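First up is the structure itself, then whatever we jot down about it.
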Amino acid sequence: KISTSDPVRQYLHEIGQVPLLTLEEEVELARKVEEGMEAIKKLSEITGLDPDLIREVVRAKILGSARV
Amino acid sequence: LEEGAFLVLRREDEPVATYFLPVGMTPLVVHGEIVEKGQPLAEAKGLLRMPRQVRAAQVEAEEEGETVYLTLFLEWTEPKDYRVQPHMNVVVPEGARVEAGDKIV
């Protein structure tokens with residue numbers, strides 16, 4: 001049906017399911033992200049591989065499966 | 001204690017005595033030293049139970065007469081709390097020991 005309200009009840013559903021705990025979860029995830037950032041950089045060091053490369057391999061693994 | 005009584009006596013300062021009382025012992029605050037006259041006049045009647053949080057293991061006894069002197073292990077757990085802010089991290093799981101140099105949060 002009319003996609004006015006579709007991607008709204010799309011968005012507000014998982015934002016309904018996850019409207020971030022203003023500090024707690026909000027930062028919880030930010031930290032995790034930086035953790036990834038550096039993990040990735042040191043992995044570049046250990047493997048001799050590209051930072052954005054490792055980045056994308058991770059990304060591909062998480063999303064389940066993708067062309068990317 | 002909740003259920004128990006620690007009795008210590010520093011003549012001058014050195015901990016001259018350290019004698020504990022299981023519940024069922026009747027204490028008397030500042031008595032005793034008329035001639036050291038075995039006057040921690042604590043009565044032992046019936047059950048002498050233990051504080052449930054602090055544990056009693058390691059037994060020793062030097063046997064003589066009507067009473068034996070006993071020396072044991074006394075490990076009472078002190079409940080002491082802390083409060084986590086938004087920006088605090090809980091590196092430790094759901095119950096584990098920690099060293100003197102083993103940061104927690």
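Within each chain, counting starts at residue 1; across the structure tokens, chains are named A, B, ... in the order shown, with ligands numbered 1 upward in that order.
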
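DSSP annotation of range 12-96 of chain B from backbone atoms: strand (DSSP E) residues are residues 17, 18, 19, 20, 21, 55, 56, 57, 61, 62, 69, 70, 73, 74 and 75 of chain B.
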
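Around residue 52 in chain A, within 12 Å and counting only C-alpha atoms, the residues found are residues 36, 37, 38, 40, 41, 43, 44, 49, 50, 54, 55, 56, 57, 58 and 59 of chain A, once anything fewer than 2 positions away on its own chain is removed.
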
*asked:* Using only C-alpha atoms, which protein or nucleic acid residues come within 9 Å of range 28-33 of chain A? Drop anything in the same chain fewer than 5 positions from it, and give the result as a ChimeraX atom specification.
replied: /A:23,38 /B:87,89

*Could you list, as a list in words, every residue of chain A that has an atom within 10 Å of an atom of chain B, counting only C-alpha atoms?*
residues 21, 22, 23, 24, 25, 26, 27 and 28 of chain A

Store the residues of this selection in a file with N, CA and C atoms, as a compact mmCIF listing (two decimals), in the first residue's frame.
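What follows is the written file out_12.txt:
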# COMPACT_ATOMS: atom_id res chain seq x y z
N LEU A 21 18.75 4.02 25.15
CA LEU A 21 18.89 4.52 26.50
C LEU A 21 19.87 5.66 26.39
N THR A 22 19.41 6.86 26.73
CA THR A 22 20.03 8.11 26.31
C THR A 22 21.53 8.08 26.49
N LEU A 23 21.99 7.64 27.65
CA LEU A 23 23.40 7.36 27.81
C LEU A 23 23.71 5.87 27.57
N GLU A 24 23.24 5.00 28.46
CA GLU A 24 23.64 3.58 28.52
C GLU A 24 23.96 2.94 27.17
N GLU A 25 22.91 2.53 26.47
CA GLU A 25 23.05 1.80 25.23
C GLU A 25 23.72 2.65 24.16
N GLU A 26 23.31 3.92 24.10
CA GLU A 26 23.87 4.89 23.15
C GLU A 26 25.38 4.78 23.08
N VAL A 27 26.01 4.83 24.24
CA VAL A 27 27.45 4.87 24.27
C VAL A 27 27.94 3.44 24.14
N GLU A 28 27.16 2.51 24.71
CA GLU A 28 27.48 1.08 24.68
C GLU A 28 27.91 0.69 23.28

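CA of residue 68 in chain B is positioned 16.0 Å from CA of residue 40 in chain B.
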
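CA of residue 4 in chain B lies 9.1 Å from CA of residue 49 in chain B.
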
_Spatial neighbours of range 12-19 of chain B, 10 Å, only C-alpha atoms, chain gap at least 5 places, as a PyMOL selection string_ = chain B and resi 5-7+40+70-71

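Put simply, CA of residue 78 in chain B is 23.3 Å away from CA of residue 59 in chain B.
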